[PDB]
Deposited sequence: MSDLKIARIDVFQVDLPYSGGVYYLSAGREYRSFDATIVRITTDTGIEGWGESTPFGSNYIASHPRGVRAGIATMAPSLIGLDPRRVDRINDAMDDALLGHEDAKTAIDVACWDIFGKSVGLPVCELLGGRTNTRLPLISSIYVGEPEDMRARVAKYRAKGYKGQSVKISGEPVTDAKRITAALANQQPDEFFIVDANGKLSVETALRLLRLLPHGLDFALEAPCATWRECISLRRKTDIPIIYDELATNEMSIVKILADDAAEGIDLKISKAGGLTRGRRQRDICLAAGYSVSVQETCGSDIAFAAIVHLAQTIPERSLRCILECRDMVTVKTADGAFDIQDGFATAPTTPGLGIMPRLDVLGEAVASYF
């Protein structure tokens, strides 16, 4: 009754809004067209190739291997589509993401409903945006946190380098005037060894309220650290597909996850993981490795289905870039947003920015 007739891949250079990130992004955007003419869009944009086992060339290569096997399938059967992608290629959540998201776009358009409504129904609360406080001198970090607070942000992500003594001063300053209505995350991006994590935690003065995200690079190290601290731990890099989330629960390894759409594998896997976390009482932040307006659409729709008490902000990933790839109303107002109310993802890509497809199936 409805079949995938074509899968087109586009490539877009997305300049970094921060100029240069020390220690532009190559975005992969996919358009799926059904036999009836409905078009759906999805995106997968890795944060370089050093964040997790993912890179731009890898995303497109993965799509090339899977795409042929998807032609003729019903895009509305999102779980079956994912089963099919899994049968064609193991892992590669980053390559599967854009395809899955596009199917959801088509799905919503086919029944005339916003994606969040097909994901269980939209909540009646707004979505808090989270700030990104890059590593710098303690006072600089504190000032930037203040700038965001003055813009209405209620969530802040403080990055650290991995050098415990200075990091301690950075966290102390960054949280200097934290308020009762703010949620703070200290993100180590897997840069701490257990030794360094313990040294950092022991150096911190009392009174600092935050959750520690991605403390160490490997599962073993994070578990080892978990046994020696009472600080809330959030998995990000190590939280990949739904099988990894179940492992977190089996190991009582953390208190929540940073659910990045393209690391999870799309909205379908995002839903699977959402339900695992909500069933367990884990907190969930919805973000992305990186991405334009299209990737942001997926973030907002998934987040709009997570009860406020369980949500830990969302990342307006498009803030990381300077090129607009699509139009959409996300109702942004002083640090908060809400999912659109039109069919599908609620976005309309700018074909001129996408250029001609780099691949077609």
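Residues of the deposited sequence missing from the coordinate set occupy positions 1 to 2, 26 to 32, 371.
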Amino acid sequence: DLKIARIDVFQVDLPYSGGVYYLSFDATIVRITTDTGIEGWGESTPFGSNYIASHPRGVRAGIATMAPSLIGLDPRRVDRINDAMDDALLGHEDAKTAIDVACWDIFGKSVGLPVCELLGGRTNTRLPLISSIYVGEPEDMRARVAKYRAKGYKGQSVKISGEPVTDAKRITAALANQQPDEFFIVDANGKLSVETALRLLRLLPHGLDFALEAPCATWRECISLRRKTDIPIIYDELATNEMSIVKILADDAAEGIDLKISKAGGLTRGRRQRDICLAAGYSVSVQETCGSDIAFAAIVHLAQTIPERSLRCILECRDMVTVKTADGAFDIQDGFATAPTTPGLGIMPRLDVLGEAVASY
From here on, numbers count along this sequence of modelled residues.
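When 84 to 92 is weighed against 135 to 143, 135 to 143 comes out higher, by mean CA B-factor as recorded in the entry. Judged by mean Cα B factor in the deposited record, 176 to 184 ranks above the other of 257 to 265 and 176 to 184.
Each of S310, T36, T45, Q304 has a CA temperature factor in the record; the biggest one is found at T36. Comparing C-alpha B-factors across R274, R220, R199, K151 in the deposited entry, the largest value falls on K151.
Among the modelled residues of the chain, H206 sits in the highest third by CA temperature factor in this PDB entry. Among all modelled residues in its chain, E163 ranks in the highest third by Cα B-factor. In the PDB entry, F296 places in the lowest third of its chain by CA B-factor. Annotation for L315: C-alpha temperature factor in the middle third relative to the rest of the modelled chain, per the entry. Sort the modelled residues of the chain by CA B factor and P232 lands in the lowest third.
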